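Understanding the architecture of this molecule
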Amino acid sequence: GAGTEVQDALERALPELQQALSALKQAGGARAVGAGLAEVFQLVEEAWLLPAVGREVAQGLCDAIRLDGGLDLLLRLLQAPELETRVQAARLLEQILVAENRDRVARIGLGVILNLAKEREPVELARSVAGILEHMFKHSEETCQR
Amino acid sequence: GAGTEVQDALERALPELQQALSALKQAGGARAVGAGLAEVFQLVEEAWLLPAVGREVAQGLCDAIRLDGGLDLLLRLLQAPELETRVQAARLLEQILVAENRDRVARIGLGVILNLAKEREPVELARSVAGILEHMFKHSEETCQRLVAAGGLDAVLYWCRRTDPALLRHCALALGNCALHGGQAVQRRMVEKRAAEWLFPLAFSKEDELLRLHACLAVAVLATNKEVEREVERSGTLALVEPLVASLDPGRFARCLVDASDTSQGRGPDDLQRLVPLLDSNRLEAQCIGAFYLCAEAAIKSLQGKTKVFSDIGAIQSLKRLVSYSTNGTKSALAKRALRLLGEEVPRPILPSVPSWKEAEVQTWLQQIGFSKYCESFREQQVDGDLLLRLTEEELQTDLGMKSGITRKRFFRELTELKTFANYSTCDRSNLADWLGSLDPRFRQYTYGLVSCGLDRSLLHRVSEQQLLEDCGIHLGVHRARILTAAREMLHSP
Amino acid sequence: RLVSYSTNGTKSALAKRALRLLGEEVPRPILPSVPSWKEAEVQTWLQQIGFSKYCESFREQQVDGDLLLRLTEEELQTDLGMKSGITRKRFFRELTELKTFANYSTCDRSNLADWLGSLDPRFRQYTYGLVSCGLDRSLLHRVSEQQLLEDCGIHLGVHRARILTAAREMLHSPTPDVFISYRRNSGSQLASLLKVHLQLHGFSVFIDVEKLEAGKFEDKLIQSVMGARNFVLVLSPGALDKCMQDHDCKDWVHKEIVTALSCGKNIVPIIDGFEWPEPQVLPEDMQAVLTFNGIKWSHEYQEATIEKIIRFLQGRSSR
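In the PDB archive, cryo-EM is given as the structure determination method for this entry, at a resolution of 2.80 Å.

Here you go:
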């Protein structure tokens, strides 16, 4: 049913996240951001989970998260003064870099990741930013040079 | 109704101006001249105003103003003792210079404009005479020679100081057109007068982007020339090209440049061939700016049916060659976007490790450079990367099937272009590539010829000239002589 | 032929008018940058000189400007199809007529064209032959006669002899200084303009060029401000409001003050459109700047203002 579900899996995942991704977007609550973050993280851990369906449901979903104007939200929240919102935003950013989103991140974001590379102590930060650098070394030769 | 109104628009505009242009022609009234001036200025601001009709109604009207004997009236009133009649006459003269009237102005008027170039103080004077010089730099090379040799450039470089948001656009376009259609001598005398330094306050203003675009275009055209690129790089204004191009969108400046100058469908063919020679050069800023302008023009000209001028000029082959050897993110993006706007398919970038290639990669290479009809012979003889890097003329002539000498010379030209780009990390030992490229950028193309024979930086001090003629494959005697004289010195001296 | 190589307005006009009086069509002038030509322009050239029946062979072999400037007799005889020696000699005559007219601004480096044309007007036709091989005015003093026979393509022995004897004679016989701090919002214009006005008098100067929204702290800008001899400050209207009682790094103009003042160098303020405030709107480390005095900028006698601001630096004892 994989050749059938290419409309069906995307017609049951975008329905809810399509609002929830911006449901809490302007709220400057300390503990408010974490809930939506966890929600989206659960969904991207759901797309990959079910076998033989997870490739297209993951890639089209990630492309929709790119097209919805949410990367700039992540790039903002990476510079927030609180630390647990930073680590949750990083662990969510780890799971989105596929071959198309990585171009946009290499276009705009590249400086904030280097700014995060100075913070060494919190382990959940390092565990995700190491994977971010892992995925970002595969893009181009100029990116590796930088 | 544009194909109908070519009689109808001219049968409702000439009716009134045809008398009003000379209605007040002999009157020496101080305040009398201004009324007719304003009247005509209103009409020429009416012709351009209404869209999709303004091109022919403007050009034929201007031709009729030329044929009516009114240019001499303007050239008289430019020398009048009163000042407000001078500024109104100048602002009217700005709006008439089209490709035919400009010849007559360059014939007769050229001295009075230079006489006006001394008056710097009244701003409405400078705002129009800057546009007059802008339009007059596009005529010929002799006209540019005169305007640089009679002090008409000093005016522009002094007016670069002021802070008017409409004077500086004319100033930037003046310097750009002068460097573009000027020639060699005018460029040297431009860079001698520190024009590269004065472009920096014009490109650093963060108020508008059209000023930055025209300033970067002017500095790129000046930096394409090889003789004075050292001065321009010492000026330090080339470093401000990359951020600007990287932080814009061609799609939004498309739907711009369609209303500002004359509401036209872009720049002409002979204007478009002024960008392609700066698209093929060993500079990065120049290539980026060229890519930007071509992308924008392609956007504007692909809505229409004219999709053949970019093949007549030869921008398709240059853009594909720009994509294939892309060592940057910005110009590669712009190039791919500009090729996507046309029907030409996008090429893929090629791996820089030229040795250890296989037959497939060689085929794709021959598919991107243009030698697509010889792919069969290569797939037949099973040529690879190694066998490609060591080809000679005999194998081309005999079994690969390149009979004509001009095809062989094209092939070698493309090949030597490719061999300065490759990565010799798996063959070289003592980094001989770098030691060659230090002498001359063109000297890297022989490095594999040296490495596959077995030389390195410890074994070059005792090689002969004959030993480089057939073993390593260096044909030009000058190149052999320089390699020998630069290596024989180096025993352990550097 | 007079129209095609027209370097004047009068004779070109008269020529076009005289051709218009006859049934012959008017040719178009050709661009003087002969390298970086394409196939179309080559075709029009062959349409104007008279070799109009060989256009097919050129469009077939895809000859361009570069491949035209380096043609030899063999390619004419073999595949381009000029069998007779008299046609080849006409073609070379027209070509050498064209090559003394071209513009080598994008290939030449040391202006070798001029040094050739000084010997003889007919000697410019070989300049591309020299440039594409790689020679220049520093590398001609050690070339041979054989090395000009096949590499550069000079056939007449007299010409080689004169080039060698005229070149072999000629061996040689014929950290920034100051810094400029300025508000990113306003005062961009007078900062750029002060930069160019200082640089034109022989002083080096380094200005901030779009560092923000990136790595901002210790990002190779703090040694610059301590290794620069003289310090400059741009007082735009409403330029000191953001640093009023914040004493943090978000005030991008603060750090430079706190470091240039630690070093103890000359800080010249530029007074324009604004005067100093009360001394309570700035912290304890910023009470000194409120007391300094500087130059009053004007948009009328800028040259005098520069002539006066030179002395206010350490120009007496710089460098």
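1. Points about the overall build of chain A
Check the secondary structure of chain A and you find nine helices and zero strands. For chain A, the sequential pattern of α-helices and β-strands runs α-α-α-α-α-α-α-α-α. In terms of overall dimensions, chain A is globule-like: its C-alpha atoms have a radius of gyration of 16 Å, near the 15 Å expected for 146 residues. Once the C-alpha set of chain A is aligned to its principal axes, its extents read approximately 45 × 40 × 25 Å. Within chain A, the proportion of its 146 residues that are buried is 34%. In chain A, once contacts between residues fewer than 6 apart in sequence are set aside, the share between residues at least 24 apart is 70%.

2. Observations concerning the interface of chain C and chain B
The parts lose accessible area when they come together, and the size of an interface is often stated as this lost area. Counting from both sides, the interface comprises 50 residues of chain C and, opposite them, 45 residues of chain B. Approximately 4,200 Å² of surface area, both sides summed, lies buried where chain C meets chain B, with 51% of it carried by carbon and sulfur atoms. Among the residues of chain C in contact with chain B, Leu67(C), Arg109(C) and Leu200(C) are the three that bury the most area, contributing 11% of the side total. A salt bridge links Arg413(B) to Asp64(C), with the nearest nitrogen and oxygen atoms 3.5 Å apart. For the pair chain C and chain B, the interface holds ten residue pairs in polar contact. Within the residue set of the side of chain C that touches chain B, elements represented by two or more residues are α2 (39–49), α4 (65–69), α5 (73–80), α10 (188–199) and α12 (302–309) of chain C.

3. Focus: empty space enclosed by the protein
One number sums up the size of the largest cavity: a volume of about 340 Å³. Put simply, the parts of the chain that give the lining of the largest cavity at least two residues each are β3 (230–235) and β4 (266–271) of chain C. Ranked by the residues each element gives to the lining of the largest cavity, the list is headed by β3(C), at three residues. The residue inventory of the lining of the largest cavity, partitioned by class, reads 18 nonpolar, one polar and two charged. Of the pockets and cavities examined, the second largest cavity occupies roughly 90 Å³. Taken together, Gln317(B), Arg321(B), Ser324(B), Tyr325(B), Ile350(B), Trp365(B), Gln368(B), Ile369(B), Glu414(B) and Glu417(B) make up the lining of the second largest cavity. When contributions to the lining of the second largest cavity are tallied by element, the ones reaching two or more residues are α23 (315–324), α25 (359–369) and α29 (405–419) of chain B.

4. With respect to the UniProt feature "repeat: ARM" in chain B
All names here are of chain B. Look at the UniProt record and you will see "repeat: ARM" annotated at residues 5–45, 59–98, 100–138, 141–180, 182–225, 226–259, 260–299 and 304–347. Between the C-alpha atoms that bound residues 260–299 the distance is 17 Å, and the span itself is 50% helix and 0% strand. In residues 304–347, the share of helix is 59% and the share of strand is 0%. The end C-alpha atoms are 25 Å apart.

5. Section: the layout of surface pockets
All names here are of chain A. Quantified by volume, the second largest pocket comes out at close to 520 Å³. Around the second largest pocket, the lining is made up of 28 residues, and of these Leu 24, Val 33, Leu 37, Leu 73 and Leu 77 lie nearest the centre. Of all the secondary-structure elements, those providing two or more residues to the lining of the second largest pocket are α2 (14–23), α3 (33–47), α5 (71–77) and α6 (84–94). A per-class count over the lining of the second largest pocket returns 17 nonpolar, eight polar and three charged.

6. Looking at the nonpolar core
Residues and elements named next belong to chain B. Counting residues in each nonpolar core, the largest one holds 103 residues, and the members touching the most others are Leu 202, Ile 289 and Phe 292. It is helix α16 (residues 209–224) that provides the largest number of residues to this core, a total of eleven residues. Beyond its immediate chain neighbours, meaning those up to four positions away, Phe 292 contacts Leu 213, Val 245, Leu 248, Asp 249, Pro 250, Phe 253 and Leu 334.

7. Examining the sheet that holds β3(C)
Residue and element names in this part refer to chain C. With parallel pairing, the five strands of this open sheet are ordered in space as β2-β1-β3-β4-β5. One side of each edge strand has no neighbouring strand; the edge strands of this open sheet are β2 (205–207) and β5 (295–296). Pairing analysis gives two bridges linking β4 to β5, with the strands arranged parallel. Within β5, the residue paired with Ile 271 across the bridge is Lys 296. Packing of α10 onto the sheet brings it into contact with β1 (178–181), β2, β3 and β4, and relative to β2 it is tilted by some 165°.

Here is what the cut-offs are and how they apply
Residues numbered from 1 in each chain as written, not as in the entry; some residues may be left out. Chains lettered and ligands numbered in written order. Part of a larger assembly, values for the part shown. Heavy atoms only, no water. Helix = DSSP H or I, 4+ residues; strand = E, 2+ residues; numbered from the N terminus. Rg over C-alpha atoms; globule rule 2.2 N^0.38 Å. Buried < 20%, exposed > 50% of the residue type's maximum accessible area, 1.4 Å probe, protein only. Contact = heavy atoms within 4.5 Å. Buried area = accessible area lost by both parts, 1.4 Å probe. Salt bridge = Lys/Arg side-chain N within 4 Å of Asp/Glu carboxyl O. Polar contact = N/O pair within 3.5 Å; in protein donor to acceptor, adjacent residues only side chain to side chain. 1 Å grid on protein atoms, 1.4 Å probe; cavity = no way out; pocket = protein on both sides within 12 Å on 5 of 7 lines; lining within 4 Å. Points joined across faces, edges and corners; volume = space filled by probe spheres on them. Nonpolar A, V, L, I, M, F, W, Y, C, P; charged D, E, K, R; others polar. UniProt positions renumbered as here; feature names shortened; annotations may be inferred. Core = buried A, V, L, I, M, F, W, Y, C linked by side-chain atoms within 4.5 Å. Pairing = 2+ DSSP bridges. Axes fitted to C-alpha atoms, helices over the stretch in contact; angles between N-to-C directions.

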